[PDB]
Structure formats: structure tokens, C-alpha cells
Amino acid sequence: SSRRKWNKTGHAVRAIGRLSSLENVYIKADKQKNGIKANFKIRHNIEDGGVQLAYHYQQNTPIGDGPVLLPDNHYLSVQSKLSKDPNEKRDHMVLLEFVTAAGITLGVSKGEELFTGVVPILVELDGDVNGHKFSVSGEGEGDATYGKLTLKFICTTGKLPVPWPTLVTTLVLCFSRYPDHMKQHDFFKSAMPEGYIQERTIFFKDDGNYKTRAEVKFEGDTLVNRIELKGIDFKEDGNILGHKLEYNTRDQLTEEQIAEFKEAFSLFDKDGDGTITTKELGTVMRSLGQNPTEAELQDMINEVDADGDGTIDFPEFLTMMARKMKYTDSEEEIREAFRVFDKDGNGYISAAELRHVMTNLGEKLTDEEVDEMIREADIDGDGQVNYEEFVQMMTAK
Ligand SMILES: [Ca+2]
Ligand SMILES: [Ca+2]
Ligand SMILES: [Ca+2]
Ligand SMILES: [Ca+2]
Ligand code: NA
Ligand code: NA
Ligand code: NA
Ligand code: NA
Ligand code: NA
């Protein structure tokens with residue numbers, strides 16, 4: 001009962017953490033190359049705690065001379081699920097994926113006609129990472145109508161020398177659902193059938209990088225992604241070549257974890273109308289130190305604003321807290337979070353610093369309950385909460 005008094009205030013923090021970060025795929029026109037540029041960050045969980053980041057840079061250039069749609073700035077959201085086929089002797093990856101355009105608020109080309117139904121997909125990649133060659137064959141299909149891909153990947157050369165997740169980004173964004181108001185912004189479909197070239201450089205923080213080059217085009221009725229990948233400067237024992245990444249990753253919101261999110265949701269949603277406004281989000285951040293402009297609040301809300309109505313619908317909110325427990329935060333992000341409470345920087349959250357936050361955030365919290373709270377997390381016994389004591393209060397299971 002003092003336990004969830006953490007889970008509430010902790011999720012409220014990890015929510016402002018999420019709204020402050022850039023988890024999507026940010027697309028902008030590249031008129032220079034009559035094509036587009038994209039950039040996003042990828043979170044790879046490490047099987048024994050922590051996260052590997054992969055900072056992605058992306059060029060798309062069309063293959064033919066056909067006029068193409070060059071979009072205003074928007075983004076995609078991807079939701080990847082990796083599983084195994086249990087009949088499958090070979091090194092493989094079953095990939096389900098949902099891909100949705102958003103980030104233009106409220107107020108078709110020949111190409112789209114080609115994606116109206118279900119389309120066969122074939123993927124062929126030849127890889128060299130630190131000189132370990134491998135090859136990968138995929139088949140599956142894309143209902144563009146829903147933003148759904150289903151694909152199976154086999155490593156044709158035996159054992160893959162890199163964790164499968166690192167390849168997911170590399171192994172067909174022409175299957176994104178664009179909403180009706182955004183159809184004039186789908187370059188990918190516009191470029192079909194002749195195709196686009198998809199070039200990426202992918203930096204794994206504290207490790208090597210991939211250079212990828214991909215022909216994505218129709219061959220008959222089948223959409224085909226052919227890829228060369230070249231990895232350099234990886235560490236023999238680092239997270240990639242040491243296969244130290246989680247494959248599976250946890251997709252299970254216990255009944256009870258959704259309810260933790262609603263208790264949080266309701267800290268922002270002060271009027272209980274089931275949506276969070278710039279006004280309400282401002283109110284909570286101000287009572288927690290930060291002091292952002294109208295501009296920042298709109299851009300934070302627009303990071304998670306599916307319907308593009310300029311507010312966080314209770315559902316839009318759950319989606320984002322689901323993400324933020326699915327993928328591990330970085331040490332930078334946890335520190336930023338700590339420093340919301342550790343309002344002096346000494347590396348310890350005092351009884352008197354928890355009060356300052358709790359009672360600035362608007363809760364009764366008499367000097368009895370405040371201490372019941374501290375004691376909850378205080379493993380080493382010191383009457384204060386240190387950074388590693390904090391990371392325990394901010395994890396699942
Ligand atoms: Ca509200
Ligand atoms: Ca919304
Ligand atoms: Ca302190
Ligand atoms: Ca302590
Ligand atoms: Na340009
Ligand atoms: Na073209
Ligand atoms: Na190669
Ligand atoms: Na690039
Ligand atoms: Na290459």
C-alpha cells in the first residue's frame with residue numbers, strides 16, 4: 001500500500017521520460033536526391049540487464065524517373081514481435097511487425113493501388129561483419145491496409161554470427177499504414193513498382209556499425225528487399241559478436257501493470273476526462289522542476305499522438321507505457337529520472353527530498369507515510385535511497 005505509492009510516482013516519471021525521448025522513425029524530404037532521409041534510435045535489451053542502443057541514419061532514393069511523393073516531416077511507429085518456429089532445425093527468426101504513420105495533427109499515387117490487398121514478400125541479404133560472412137533468406141506477406149508484415153528468416157550459411165534483432169531493421173516500410181490525411185506523404189508506395197534504394201548506417205553505441213544497401217522493388221507480384229550489409233569495428237566480446245542480447249523480449253502486461261499505468265495516467269488527467277492536455281502535462285512537469293514552453297509540450301504529446309487530436313487518449317498512453325517496460329532505459333535516462341528526486345545531486349534521495357517531490361506533486365504524505373515509503377526501497381539500511389536502490393524500485397517482476 002506504500003509499495004504502489006512508488007509504482008505511481010515512478011511511472012509518472014518514466015512517462016515524462018518517454019515524452020522527452022525520440023523512439024519513432026523521423027522522416028523528412030530530401031529534395032536534393034528526389035527522395036527522403038530518416039533517423040531513429042533502436043533499443044536492444046541485453047539478456048543480463050541494461051540496453052544496447054543502435055543509432056540509425058537512413059537514405060531512400062527512387063530507382064526509376066516516375067514522379068514520387070516527397071512528404072512533410074512525419075514519423076512511423078513500429079511494433080516488432082520476434083518468435084521461433086518450433087519445427088525449425090535451422091537458425092531462424094519469425095517476425096510479426098505493425099507499422100503506422102503519425103505526427104501530422106488533423107487540419108494516393110498509382111503505387112498505393114499495388115498494396116490494396118496482401119502481398120508476397122521475399123528478402124535476400126548477404127552480410128559481412130568483422131569478416132564473418134553470413135546470408136539470410138526470408139519469405140512472408142504484407143497487408144498494407146493494417147501495417148502488418150509476417151516473415152520467416154533463415155540463415156542460409158548455418159549459424160548467424162550476430163544476434164537476430166540487429167538485422168530486424170535491415171531485413172520494407174512500403175507496408176506502413178498511412179492514415180487518409182497523410183496518404184500524400186507515403187514516398188515508399190509512390191516509388192513502386194520500379195522501387196527505391198534504402199541505404200543505412202547503424203551505430204551500436206560502444207561497438208561497431210553496419211553499412212546497408214537495399215534494392216526494394218516489385219518482381220512480379222512479390223515485393224523484394226535485396227540487401228548487402230557490412231559491419232566493421234565490432235568487439236569480439238561486446239554485446240553483438242558476444243550474442244549478449246535478449247531475443248524474445250517480454251510482451252506481457254499483467255492485469256495489474258495496466259492498473260499501475262491508470263493510477264499514473266490519472267496524475268496527469270487531473271479532470272478525469274480520459275485524455276492528457278498540454279495544460280495538464282505542463283502542470284505535472286512544473287510541480288517536478290522542469291519548465292517547458294507550449295511548443296515543447298505539443299511536440300512531446302505529438303511523440304505518442306496516434307489519432308493526432310493533440311492529446312494523450314488513455315489508450316495512446318497505455319501503448320507508450322507498454323513500450324517503456326518492453327525495452328530497457330539507458331543509464332543516462334535512469335540518472336535523469338533519479339535527479340528529479342535527488343534535487344541536490346549528492347546521489348541519495350533524502351526523506352526530505354521525497355517529501356519535496358510528493359507534496360509538490362500534490363499528496364498529503366505525513367512524515368509517517370514518507371518514511372514507510374523510504375524504508376520500502378532502503379535495502380542497505382541508511383535511511384536514504386541511493387541510485388542502485390532506485391533501479392530496484394523501477395523494474396518489472
Ligand atoms: Ca484531461
Ligand atoms: Ca490523441
Ligand atoms: Ca539528495
Ligand atoms: Ca540506502
Ligand atoms: Na533537400
Ligand atoms: Na520510381
Ligand atoms: Na558484403
Ligand atoms: Na545514410
Ligand atoms: Na554495403
# chains A, B, ... in the order shown; residues from 1 in each chain; ligands from 1
>>> closest_atom_pairs(of="chain A", to="ligand 1", cutoff="6 Å", atoms="only C-alpha atoms and all ligand atoms", output="CSV")
residue,atom,partner,partner_atom_place_in_ligand_line,distance
A:269,CA,ligand 1,1 (Ca),4.4
A:270,CA,ligand 1,1 (Ca),6.0
A:271,CA,ligand 1,1 (Ca),5.1
A:272,CA,ligand 1,1 (Ca),5.8
A:273,CA,ligand 1,1 (Ca),5.0
A:275,CA,ligand 1,1 (Ca),4.6
A:276,CA,ligand 1,1 (Ca),4.6
A:277,CA,ligand 1,1 (Ca),5.7
>>> residues_near_ligand(ligand="ligand 4", cutoff="12 Å", atoms="only C-alpha atoms and all ligand atoms", output="tab-separated table (two decimals) with N, CA, C and O atoms, in the first residue's frame")
chain	number	residue	atom	x	y	z
A	347	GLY	N	23.49	12.13	-4.70
A	347	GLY	CA	23.45	10.71	-5.10
A	347	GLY	C	22.60	9.89	-4.15
A	347	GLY	O	22.66	8.61	-4.23
A	348	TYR	N	21.81	10.57	-3.29
A	348	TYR	CA	20.96	9.95	-2.23
A	348	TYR	C	19.63	10.72	-2.14
A	348	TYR	O	19.66	11.97	-2.03
A	349	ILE	N	18.50	10.03	-2.22
A	349	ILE	CA	17.16	10.66	-2.06
A	349	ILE	C	16.81	10.65	-0.58
A	349	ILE	O	16.57	9.55	-0.02
A	350	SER	N	16.81	11.83	0.03
A	350	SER	CA	16.51	12.01	1.48
A	350	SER	C	15.02	11.81	1.70
A	350	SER	O	14.24	11.98	0.74
A	351	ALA	N	14.65	11.45	2.92
A	351	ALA	CA	13.29	11.63	3.46
A	351	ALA	C	12.74	13.00	3.02
A	351	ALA	O	11.59	13.06	2.53
A	374	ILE	N	10.32	5.49	2.00
A	374	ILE	CA	11.81	5.37	2.01
A	374	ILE	C	12.17	3.91	2.36
A	374	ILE	O	12.78	3.23	1.51
A	375	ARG	N	11.74	3.44	3.53
A	375	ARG	CA	12.01	2.09	4.10
A	375	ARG	C	11.74	0.99	3.05
A	375	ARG	O	12.47	-0.02	3.06
A	376	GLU	N	10.71	1.18	2.22
A	376	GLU	CA	10.29	0.23	1.16
A	376	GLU	C	11.51	-0.12	0.29
A	376	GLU	O	11.72	-1.32	0.04
A	377	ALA	N	12.29	0.88	-0.11
A	377	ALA	CA	13.37	0.76	-1.13
A	377	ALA	C	14.76	0.70	-0.49
A	377	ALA	O	15.73	0.31	-1.24
A	378	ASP	N	14.87	1.07	0.80
A	378	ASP	CA	16.17	1.25	1.51
A	378	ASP	C	16.73	-0.11	1.90
A	378	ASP	O	16.53	-0.49	3.05
A	379	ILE	N	17.42	-0.78	0.98
A	379	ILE	CA	17.95	-2.13	1.28
A	379	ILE	C	19.17	-1.98	2.22
A	379	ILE	O	19.07	-2.55	3.33
A	380	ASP	N	20.19	-1.14	1.92
A	380	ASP	CA	21.45	-1.05	2.73
A	380	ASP	C	21.20	-0.43	4.13
A	380	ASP	O	22.10	-0.48	4.97
A	381	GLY	N	20.03	0.13	4.42
A	381	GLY	CA	19.63	0.47	5.80
A	381	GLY	C	19.88	1.93	6.18
A	381	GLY	O	19.57	2.26	7.34
A	382	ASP	N	20.32	2.78	5.23
A	382	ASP	CA	20.96	4.10	5.51
A	382	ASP	C	19.93	5.23	5.68
A	382	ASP	O	20.36	6.37	5.93
A	383	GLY	N	18.62	4.94	5.65
A	383	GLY	CA	17.54	5.95	5.81
A	383	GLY	C	17.41	6.87	4.61
A	383	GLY	O	16.74	7.94	4.72
A	384	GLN	N	18.04	6.48	3.49
A	384	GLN	CA	18.07	7.22	2.21
A	384	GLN	C	18.10	6.24	1.04
A	384	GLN	O	18.49	5.05	1.26
A	385	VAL	N	17.76	6.74	-0.16
A	385	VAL	CA	17.64	5.91	-1.39
A	385	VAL	C	18.74	6.32	-2.34
A	385	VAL	O	18.63	7.46	-2.85
A	386	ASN	N	19.69	5.42	-2.59
A	386	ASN	CA	20.85	5.62	-3.49
A	386	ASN	C	20.48	5.12	-4.89
A	386	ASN	O	19.45	4.45	-5.04
A	387	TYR	N	21.30	5.45	-5.88
A	387	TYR	CA	20.97	5.20	-7.29
A	387	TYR	C	20.66	3.71	-7.53
A	387	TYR	O	19.71	3.46	-8.29
A	388	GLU	N	21.38	2.74	-6.96
A	388	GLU	CA	21.14	1.31	-7.29
A	388	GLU	C	19.89	0.87	-6.54
A	388	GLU	O	19.22	-0.06	-7.02
A	389	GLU	N	19.59	1.53	-5.42
A	389	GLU	CA	18.35	1.29	-4.63
A	389	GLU	C	17.16	1.73	-5.48
A	389	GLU	O	16.05	1.15	-5.36
A	390	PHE	N	17.39	2.73	-6.33
A	390	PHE	CA	16.37	3.38	-7.18
A	390	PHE	C	15.99	2.47	-8.35
A	390	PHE	O	14.79	2.32	-8.64
A	392	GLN	N	16.07	-0.67	-8.49
A	392	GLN	CA	15.21	-1.78	-7.98
A	392	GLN	C	13.75	-1.31	-7.98
A	392	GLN	O	12.93	-2.08	-8.47
>>> select_by_dssp(residues="segment 310-383 of chain A", states="alpha helix (DSSP H)", output="MDAnalysis selection string")
chainID A and resid 314:326 331:341 351:360 367:377
>>> residues_near_ligand(ligand="ligand 8", cutoff="10 Å", atoms="only C-alpha atoms and all ligand atoms", output="list in words")
residues 37, 38, 39, 56, 57, 58, 59, 60, 198, 199, 200, 201, 202, 211, 212 and 213 of chain A
>>> write_last_selection(atoms="N, CA, C and O atoms", output="compact mmCIF listing (two decimals), in the first residue's frame")
# COMPACT_ATOMS: atom_id res chain seq x y z
N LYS A 37 15.10 11.28 -46.25
CA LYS A 37 16.03 10.90 -45.16
C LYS A 37 15.19 10.49 -43.95
O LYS A 37 14.04 10.99 -43.79
N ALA A 38 15.70 9.54 -43.17
CA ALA A 38 15.07 9.07 -41.92
C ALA A 38 16.15 8.91 -40.86
O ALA A 38 17.30 8.70 -41.21
N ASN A 39 15.76 8.99 -39.59
CA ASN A 39 16.67 8.70 -38.45
C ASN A 39 15.82 8.27 -37.23
O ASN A 39 14.72 8.81 -37.00
N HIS A 56 20.35 4.88 -35.86
CA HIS A 56 20.10 4.58 -37.30
C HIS A 56 20.10 5.90 -38.09
O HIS A 56 19.50 6.87 -37.56
N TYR A 57 20.76 5.94 -39.25
CA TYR A 57 20.64 7.03 -40.28
C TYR A 57 20.23 6.38 -41.59
O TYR A 57 20.76 5.30 -41.88
N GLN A 58 19.32 6.99 -42.35
CA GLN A 58 18.63 6.33 -43.48
C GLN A 58 18.46 7.29 -44.67
O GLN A 58 18.02 8.43 -44.47
N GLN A 59 18.82 6.82 -45.86
CA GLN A 59 18.62 7.50 -47.17
C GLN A 59 17.68 6.60 -47.99
O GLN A 59 17.94 5.38 -48.01
N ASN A 60 16.62 7.14 -48.62
CA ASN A 60 15.84 6.41 -49.66
C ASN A 60 15.83 7.22 -50.95
O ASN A 60 15.34 8.35 -50.93
N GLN A 198 17.39 1.69 -50.39
CA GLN A 198 17.40 2.02 -48.94
C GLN A 198 18.81 1.78 -48.38
O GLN A 198 19.22 0.57 -48.16
N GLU A 199 19.53 2.90 -48.17
CA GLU A 199 20.88 2.98 -47.56
C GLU A 199 20.77 3.38 -46.09
O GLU A 199 20.07 4.36 -45.80
N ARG A 200 21.47 2.66 -45.23
CA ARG A 200 21.51 2.95 -43.78
C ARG A 200 22.94 2.82 -43.27
O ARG A 200 23.70 1.95 -43.73
N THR A 201 23.28 3.66 -42.31
CA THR A 201 24.44 3.44 -41.42
C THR A 201 23.86 3.33 -40.01
O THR A 201 22.96 4.18 -39.65
N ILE A 202 24.29 2.29 -39.29
CA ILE A 202 23.71 1.91 -37.97
C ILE A 202 24.81 1.81 -36.95
O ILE A 202 25.46 0.81 -36.95
N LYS A 211 26.84 -0.82 -42.42
CA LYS A 211 26.50 -0.06 -43.65
C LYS A 211 25.64 -1.00 -44.47
O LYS A 211 26.12 -2.13 -44.75
N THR A 212 24.41 -0.61 -44.81
CA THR A 212 23.45 -1.45 -45.57
C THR A 212 23.02 -0.76 -46.86
O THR A 212 22.85 0.48 -46.89
N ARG A 213 22.85 -1.54 -47.91
CA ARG A 213 22.31 -1.01 -49.17
C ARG A 213 21.31 -2.02 -49.73
O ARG A 213 21.68 -3.20 -49.90
>>> residues_near_ligand(ligand="ligand 2", cutoff="9 Å", atoms="only C-alpha atoms and all ligand atoms", output="list in words")
residues 275, 276, 301, 302, 304, 305, 306, 307, 308, 309, 310, 311, 312, 313, 314, 315, 316 and 317 of chain A
>>> closest_residue(among="A:40, A:26, A:188, A:115", to="ligand 6", atoms="only C-alpha atoms and all ligand atoms")
A:188
>>> closest_atom_pairs(of="chain A", to="ligand 7", cutoff="9 Å", atoms="only C-alpha atoms and all ligand atoms", output="CSV")
residue,atom,partner,partner_atom_place_in_ligand_line,distance
A:125,CA,ligand 7,1 (Na),8.9
A:126,CA,ligand 7,1 (Na),5.7
A:127,CA,ligand 7,1 (Na),4.8
A:128,CA,ligand 7,1 (Na),4.8
A:129,CA,ligand 7,1 (Na),8.2
A:131,CA,ligand 7,1 (Na),8.9
A:133,CA,ligand 7,1 (Na),7.3
A:134,CA,ligand 7,1 (Na),8.9
A:212,CA,ligand 7,1 (Na),8.9
A:227,CA,ligand 7,1 (Na),8.9
A:228,CA,ligand 7,1 (Na),5.3
A:229,CA,ligand 7,1 (Na),5.4
A:230,CA,ligand 7,1 (Na),5.3
A:231,CA,ligand 7,1 (Na),8.6
>>> residues_around(residues="segment 70-76 of chain A", least_positions_apart="4", cutoff="12 Å", atoms="only C-alpha atoms", output="number ranges by chain")
A: 22-40, 60-62, 98-105, 109, 147, 173-179, 181-191, 299, 302-306, 308
>>> closest_atom_pairs(of="chain A", to="ligand 6", cutoff="7 Å", atoms="only C-alpha atoms and all ligand atoms", output="Markdown table")
| residue | atom | partner | partner_atom_place_in_ligand_line | distance |
| --- | --- | --- | --- | --- |
| A:62 | CA | ligand 6 | 1 (Na) | 4.8 |
| A:63 | CA | ligand 6 | 1 (Na) | 5.1 |
| A:64 | CA | ligand 6 | 1 (Na) | 3.8 |
| A:65 | CA | ligand 6 | 1 (Na) | 5.4 |
| A:66 | CA | ligand 6 | 1 (Na) | 4.6 |
| A:67 | CA | ligand 6 | 1 (Na) | 6.8 |
| A:68 | CA | ligand 6 | 1 (Na) | 6.6 |
| A:191 | CA | ligand 6 | 1 (Na) | 4.1 |
| A:192 | CA | ligand 6 | 1 (Na) | 5.9 |
| A:193 | CA | ligand 6 | 1 (Na) | 6.9 |
| A:194 | CA | ligand 6 | 1 (Na) | 5.1 |
| A:195 | CA | ligand 6 | 1 (Na) | 5.5 |
| A:196 | CA | ligand 6 | 1 (Na) | 6.6 |
>>> write_last_selection(atoms="N, CA and C atoms", output="compact mmCIF listing (two decimals), in the first residue's frame")
# COMPACT_ATOMS: atom_id res chain seq x y z
N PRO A 62 14.70 6.86 -55.16
CA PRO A 62 13.89 6.04 -56.06
C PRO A 62 14.76 5.51 -57.19
N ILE A 63 14.33 4.40 -57.79
CA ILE A 63 15.10 3.65 -58.81
C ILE A 63 14.75 4.15 -60.21
N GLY A 64 13.48 4.40 -60.52
CA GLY A 64 13.02 4.94 -61.81
C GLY A 64 12.83 6.45 -61.77
N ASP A 65 12.36 7.04 -62.87
CA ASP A 65 12.18 8.51 -63.07
C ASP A 65 10.73 8.91 -62.76
N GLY A 66 9.84 7.94 -62.53
CA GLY A 66 8.43 8.21 -62.18
C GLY A 66 8.36 9.33 -61.14
N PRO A 67 7.53 10.38 -61.31
CA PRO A 67 7.24 11.29 -60.20
C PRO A 67 6.90 10.54 -58.90
N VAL A 68 7.36 11.06 -57.74
CA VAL A 68 7.17 10.43 -56.40
C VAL A 68 6.70 11.47 -55.38
N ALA A 191 6.91 5.23 -54.94
CA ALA A 191 8.13 4.89 -55.71
C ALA A 191 7.91 3.58 -56.45
N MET A 192 6.96 2.77 -55.99
CA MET A 192 6.65 1.44 -56.58
C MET A 192 5.88 1.65 -57.87
N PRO A 193 5.96 0.74 -58.86
CA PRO A 193 6.63 -0.56 -58.72
C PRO A 193 8.15 -0.66 -58.97
N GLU A 194 8.76 0.34 -59.63
CA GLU A 194 10.19 0.30 -60.08
C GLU A 194 11.10 0.17 -58.84
N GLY A 195 10.74 0.82 -57.73
CA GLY A 195 11.35 0.61 -56.41
C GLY A 195 12.09 1.84 -55.90
N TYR A 196 12.65 1.69 -54.70
CA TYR A 196 13.57 2.64 -54.03
C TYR A 196 14.88 1.90 -53.63
>>> closest_residue(among="A:120, A:2, A:11, A:92", to="residue 265 of chain A", atoms="only C-alpha atoms")
A:11
>>> residues_around(residues="segment 79-86 of chain A", least_positions_apart="5", cutoff="7 Å", atoms="only C-alpha atoms", output="VMD selection string")
chain A and resid 93 to 99 248
>>> write_last_selection(atoms="C-alpha atoms", output="short mmCIF file (atom, residue, chain, number, x, y, z; two decimals), in the first residue's frame")
data_model
loop_
_atom_site.label_atom_id
_atom_site.label_comp_id
_atom_site.auth_asym_id
_atom_site.auth_seq_id
_atom_site.Cartn_x
_atom_site.Cartn_y
_atom_site.Cartn_z
CA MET A 93 13.54 -15.64 -36.85
CA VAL A 94 9.76 -15.35 -37.02
CA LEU A 95 8.92 -11.64 -37.28
CA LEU A 96 5.45 -10.07 -36.87
CA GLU A 97 5.53 -6.22 -37.25
CA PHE A 98 2.95 -3.30 -37.18
CA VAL A 99 3.96 -0.02 -38.92
CA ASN A 248 12.41 -12.76 -27.12
#
>>> residues_around(residues="residue 366 of chain A", least_positions_apart="6", cutoff="12 Å", atoms="only C-alpha atoms", output="PyMOL selection string")
chain A and resi 351-352+354-356+358-359+372-373
>>> write_last_selection(atoms="N, CA and C atoms", output="PDB file, in the first residue's frame")
ATOM      1  N   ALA A 351      14.651  11.447   2.925  1.00  0.00           N
ATOM      2  CA  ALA A 351      13.288  11.626   3.460  1.00  0.00           C
ATOM      3  C   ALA A 351      12.739  13.000   3.022  1.00  0.00           C
ATOM      4  N   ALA A 352      13.544  14.064   3.157  1.00  0.00           N
ATOM      5  CA  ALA A 352      13.144  15.487   2.969  1.00  0.00           C
ATOM      6  C   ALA A 352      13.101  15.892   1.482  1.00  0.00           C
ATOM      7  N   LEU A 354      12.096  13.362  -0.963  1.00  0.00           N
ATOM      8  CA  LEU A 354      10.885  12.601  -1.334  1.00  0.00           C
ATOM      9  C   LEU A 354       9.648  13.407  -0.933  1.00  0.00           C
ATOM     10  N   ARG A 355       9.631  13.977   0.272  1.00  0.00           N
ATOM     11  CA  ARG A 355       8.545  14.897   0.699  1.00  0.00           C
ATOM     12  C   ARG A 355       8.412  16.020  -0.339  1.00  0.00           C
ATOM     13  N   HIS A 356       9.515  16.711  -0.666  1.00  0.00           N
ATOM     14  CA  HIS A 356       9.535  17.900  -1.567  1.00  0.00           C
ATOM     15  C   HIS A 356       8.857  17.528  -2.888  1.00  0.00           C
ATOM     16  N   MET A 358       6.817  14.574  -3.564  1.00  0.00           N
ATOM     17  CA  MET A 358       5.464  14.041  -3.251  1.00  0.00           C
ATOM     18  C   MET A 358       4.456  15.181  -3.060  1.00  0.00           C
ATOM     19  N   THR A 359       4.802  16.126  -2.181  1.00  0.00           N
ATOM     20  CA  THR A 359       3.888  17.174  -1.668  1.00  0.00           C
ATOM     21  C   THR A 359       3.934  18.383  -2.624  1.00  0.00           C
ATOM     22  N   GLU A 372       7.659   5.328   5.683  1.00  0.00           N
ATOM     23  CA  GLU A 372       7.155   3.998   5.220  1.00  0.00           C
ATOM     24  C   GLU A 372       7.591   3.801   3.764  1.00  0.00           C
ATOM     25  N   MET A 373       7.613   4.900   3.001  1.00  0.00           N
ATOM     26  CA  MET A 373       7.978   4.915   1.559  1.00  0.00           C
ATOM     27  C   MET A 373       9.484   4.629   1.427  1.00  0.00           C
TER      28      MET A 373
END
>>> select_by_dssp(residues="segment 257-356 of chain A", states="strand (DSSP E or B)", output="list in words")
residues 275, 276, 312, 313, 348 and 349 of chain A
>>> write_last_selection(atoms="C-alpha atoms", output="mmCIF file, in the first residue's frame")
data_model
loop_
_atom_site.group_PDB
_atom_site.id
_atom_site.type_symbol
_atom_site.label_atom_id
_atom_site.label_comp_id
_atom_site.auth_asym_id
_atom_site.auth_seq_id
_atom_site.Cartn_x
_atom_site.Cartn_y
_atom_site.Cartn_z
ATOM 1 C CA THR A 275 -7.150 12.475 -22.019
ATOM 2 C CA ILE A 276 -3.962 14.437 -21.101
ATOM 3 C CA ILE A 312 -2.893 11.621 -24.963
ATOM 4 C CA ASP A 313 -6.035 9.416 -25.008
ATOM 5 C CA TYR A 348 20.957 9.947 -2.234
ATOM 6 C CA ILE A 349 17.158 10.663 -2.062
#
>>> closest_residue(among="A:5, A:43, A:90, A:262", to="residue 152 of chain A", atoms="only C-alpha atoms")
A:90
>>> closest_residue(among="A:69, A:226, A:391, A:164", to="residue 333 of chain A", atoms="only C-alpha atoms")
A:391
>>> closest_residue(among="A:362, A:10, A:117, A:163", to="residue 143 of chain A", atoms="only C-alpha atoms")
A:117
